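Structure, as structure tokens:
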Amino acid sequence: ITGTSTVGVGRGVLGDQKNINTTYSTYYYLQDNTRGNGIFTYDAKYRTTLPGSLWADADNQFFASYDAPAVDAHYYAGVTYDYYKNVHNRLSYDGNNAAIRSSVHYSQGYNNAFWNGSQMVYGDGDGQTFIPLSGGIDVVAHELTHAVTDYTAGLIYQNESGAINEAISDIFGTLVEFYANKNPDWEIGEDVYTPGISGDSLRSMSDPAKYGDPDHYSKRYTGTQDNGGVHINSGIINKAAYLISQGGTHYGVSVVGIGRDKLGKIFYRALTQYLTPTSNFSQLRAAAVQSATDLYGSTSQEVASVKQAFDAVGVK
Ligand SMILES: CC(C)C[C@H](NP(=O)(O)CNC(=O)OCc1ccccc1)C(=O)NCC(=O)O
Ligand SMILES: [Ca+2]
Ligand SMILES: [Ca+2]
Ligand SMILES: [Ca+2]
Ligand SMILES: [Ca+2]
Ligand SMILES: [Zn+2]
Numbered sequence: 048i049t050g051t052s053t054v055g056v057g058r059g060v061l062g063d064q065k066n067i068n069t070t071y072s073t074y075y076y077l078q079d080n081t082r083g084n085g086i087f088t089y090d091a092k093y094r095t096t097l098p099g100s101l102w103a104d105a106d107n108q109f110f111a112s113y114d115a116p117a118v119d120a121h122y123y124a125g126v127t128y129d130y131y132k133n134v135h136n137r138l139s140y141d142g143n144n145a146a147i148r149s150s151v152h153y154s155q156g157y158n159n160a161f162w163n164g165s166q167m168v169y170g171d172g173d174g175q176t177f178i179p180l181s182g183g184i185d186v187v188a189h190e191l192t193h194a195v196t197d198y199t200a201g202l203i204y205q206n207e208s209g210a211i212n213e214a215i216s217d218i219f220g221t222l223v224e225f226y227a228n229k230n231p232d233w234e235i236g237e238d239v240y241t242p243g244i245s246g247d248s249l250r251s252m253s254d255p256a257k258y259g260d261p262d263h264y265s266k267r268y269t270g271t272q273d274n275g276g277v278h279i280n281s282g283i284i285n286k287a288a289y290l291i292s293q294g295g296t297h298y299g300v301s302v303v304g305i306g307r308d309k310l311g312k313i314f315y316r317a318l319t320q321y322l323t324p325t326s327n328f329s330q331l332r333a334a335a336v337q338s339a340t341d342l343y344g345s346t347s348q349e350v351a352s353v354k355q356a357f358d359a360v361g362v363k
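Residue numbers (our numbering): 48 to 363.
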């Protein structure tokens with residue numbers, strides 16, 4: 048909407064206070080004009096029609112329980128925009144500052160979040176498996192990264208390409224979580240998963256097997272559930288990414304870590320210059336090796352480490 052840029056204040060899902068960019072025209076709307084062509088947050092009102100209504104508030108204060116998922120979706124979309132712009136020189140998900148749209152309060156007891164082809168969508172959870180999912184910065188960045196993937200490599204959402212698609216979202220979700228630097232880790236969704244259980248998460252990149260996911264190509268799932276295991280087999284690539292960054296010895300294969308920034312540069316280049324809609328794991332290995340070669344040179348430690356990591360997870 049047309050209006051003047053303002054700064055509201057509120058509390059997120061975890062009870063933390065933050066400032067948010069809003070727009071004033073009669074009401075204060077969750078419309079952040081400071082980033083690209085805007086970040087817009089909508090109320091789905093417990094229903095499934097999308098996007099719902101642009102979030103309107105009378106006083107620019109967002110401290111109601113109902114406000115919390117909107118505050119975090121809006122704010123963490125901003126952080127994710129900043130990561131892509133500042134770290135990768137990418138302007139929004141399409142590279143041309145497309146408006147970023149999110150809807151919260153989707154459906155009832157909805158234990159998931161997704162990119163629907165046009166926007167991000169967040170359930171509130173059922174209060175047992177999840178609390179409102181926008182409370183996780185890794186979750187928000189995971190969802191926006193699906194949009195980046197769709198506009199770039201275009202990895203088809205099934206089987207190996209789909210598992211790469213998922214891993215790309217977990218990798219950048221995690222790198223955004225480190226960028227914001229609040230309780231960062233290599234776990235996925237820990238901030239909004241199972242409020243009654245401490246110390247767990249939906250997935251782990253450092254040890255995917257902790258939550259039943261494969262950490263070696265020999266353990267890949269090839270059934271039909273979960274689109275051919277896109278959230279399962281992602282563990283193989285998540286493990287490789289973790290090893291590239293942090294190092295370690297996995298099934299006897301030692302990897303020299305090169306750090307998060309270089310992991311991010313290598314995978315961003317692979318995503319945007321080499322991967323295609325049908326890439327499999329072997330082709331991802333080749334893309335990451337080529338990307339590291341471009342950035343650091345054929346004889347570099349970075350290239351050697353990428354090879355070590357894929358060797359470690361059984362991907363040739
Ligand atoms: C980071 C998580 C908290 C949320 C994350 N959600 P996600 O991977 O975006 C869900 N994916 C999804 O719904 O894809 C199906 C789809 C939806 C809409 C259009 C096209 C395809 C997840 O791992 N979900 C688990 C699952 O769906 O099994
Ligand atoms: Ca208010
Ligand atoms: Ca964390
Ligand atoms: Ca995390
Ligand atoms: Ca938990
Ligand atoms: Zn996903």
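We treat Cβ as the ideally placed atom computed from N, Cα and C, and that holds for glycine.
Check whether residue i and residue j have beta carbons under 8 Å apart
| i | j | result |
| --- | --- | --- |
| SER208 | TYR123 | no |
| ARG332 | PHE357 | yes |
| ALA339 | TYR321 | no |
| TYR298 | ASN280 | no |
| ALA194 | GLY220 | no |
| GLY156 | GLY236 | no |
| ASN107 | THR53 | yes |
| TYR198 | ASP129 | no |
| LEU97 | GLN166 | yes |
| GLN337 | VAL303 | no |
| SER352 | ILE305 | yes |
| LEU310 | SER292 | yes |
Residue interval of the beta strand (DSSP E) (run including residue i)
| i | result |
| --- | --- |
| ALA111 | Counting along the chain, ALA111 falls outside any beta strand (DSSP E), and DSSP gives it neither H nor E. |
| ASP90 | 86–90 |
| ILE147 | 147–153 |
| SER352 | Taken as a continuous stretch (DSSP letters only), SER352 belongs to no beta strand (DSSP E), being part of the alpha helix (DSSP H) at 348–359. |
| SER301 | 300–302 |
Inter-residue CB distance, residue i and residue j (contact presumed, cutoff 8 Å)
| i | j | result |
| --- | --- | --- |
| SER154 | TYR93 | 7 Å |
| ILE178 | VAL239 | 5 Å |
| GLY361 | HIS263 | 5 Å |
| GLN330 | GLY275 | Actually they do not touch by this definition, with Cβ atoms about 16 Å apart. |
| residue 398 | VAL126 | Lying outside 48 to 363, the shown extent of the chain, residue 398 is not represented and no answer is given. |
| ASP260 | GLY246 | Actually they do not touch by this definition, with Cβ atoms about 17 Å apart. |
| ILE284 | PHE328 | 7 Å |
| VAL56 | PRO116 | Not a contact, Cβ separation roughly 16 Å. |
| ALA200 | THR69 | So it is not a contact: roughly 34 Å between Cβ atoms. |
| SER265 | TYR289 | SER265 to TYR289, Cβ: 18 Å. No contact. |
According to DSSP, residues forming a beta bridge with residue i
| i | result |
| --- | --- |
| residue 4 | The requested residue 4 does not occur in the structure, where the chain is confined to residues 48 to 363. |
| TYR74 | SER72 |
| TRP162 | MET167 |
| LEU249 | None; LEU249 has no bridge partner. |
| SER52 | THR70 |
| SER181 | For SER181, which the question treats as bridged, DSSP gives no partner whatsoever. |
| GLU234 | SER251 |
| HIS297 | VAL300 |
| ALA103 | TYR76 |
| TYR130 | Paired residues: none, contrary to the question. |
| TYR240 | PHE177 |
Residue nearest to residue i in terms of C-alpha spacing, selected from the options
| i | options | result |
| --- | --- | --- |
| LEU342 | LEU322, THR323, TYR298, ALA317 | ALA317 |
| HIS121 | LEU97, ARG82, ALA105 | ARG82 |
| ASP104 | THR95, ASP90, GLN205 | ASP90 |
| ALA287 | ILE215, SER248, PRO242 | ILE215 |
| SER251 | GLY275, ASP217, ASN143 | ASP217 |
| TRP162 | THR192, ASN133, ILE86 | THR192 |
| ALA111 | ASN68, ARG58, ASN133 | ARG58 |
| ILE67 | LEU61, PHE109, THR73 | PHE109 |
| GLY50 | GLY85, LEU310, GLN175 | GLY85 |
| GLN355 | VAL300, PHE87, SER345, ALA227 | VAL300 |
| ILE147 | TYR131, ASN158, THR73 | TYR131 |
| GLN175 | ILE203, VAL134, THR241, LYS229 | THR241 |
| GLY243 | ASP273, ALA227, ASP173 | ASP173 |
| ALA210 | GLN272, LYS257, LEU138 | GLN272 |
| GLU234 | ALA227, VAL186, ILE203 | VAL186 |
| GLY295 | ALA359, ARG307, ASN144, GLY270 | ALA359 |
| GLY164 | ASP79, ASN144, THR196 | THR196 |
| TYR71 | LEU101, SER248, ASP308 | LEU101 |
Segment limits, alpha helix (DSSP H) that includes residue i
| i | result |
| --- | --- |
| residue 364 | In the structure as shown, the chain begins at 48 and stops at 363. Residue 364 is therefore absent and cannot be evaluated. |
| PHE219 | 206–227 |
| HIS189 | 184–198 |
| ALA333 | 328–343 |
| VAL168 | No alpha helix (DSSP H) contains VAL168, which is instead part of the beta strand (DSSP E) from 167–170. |
| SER292 | 281–293 |
| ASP273 | 272–276 |
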